[PDB]
């Protein structure tokens, strides 16, 4: 779902917020994987690994169906859960997409989740892309 990107922003693309210390879990995992700086721009969510290498990886904001927060219990700060529109195809394999699950989870190990969640919301609402 993530594609390679140089990290530079396109011509009418602005940085909205950036945050160190964010890990990205896949579906319901709980040890894979990654740990790093998250960037939200007007068009994209861009990830960039700690010491580089490599990366960068980005998804378009138009790919996001819905977002929500999920509690860590009696911890400090919620995970942001991002639901993605599916790919397709392309004929032959396939198999079944129902047994695969279709969202990612952002955990904020160095905090700043509230601020990020708010910014992501506003970008989702305004669709400036």
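Numbering follows the first chain given and starts at 1.
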Stretch with the higher entry mean CA B-factor, where the candidates are 68-76 and 30-38:
30-38
Out of 45-53 and 97-105, which one has CA B-factors that are higher on average in the deposited record?
45-53
Against its chain's modelled residues, does residue 85's Cα B factor rank lowest, middle or highest third?
highest
What third of its chain, lowest, middle or highest, does the C-alpha temperature factor of residue 24 fall into?
highest
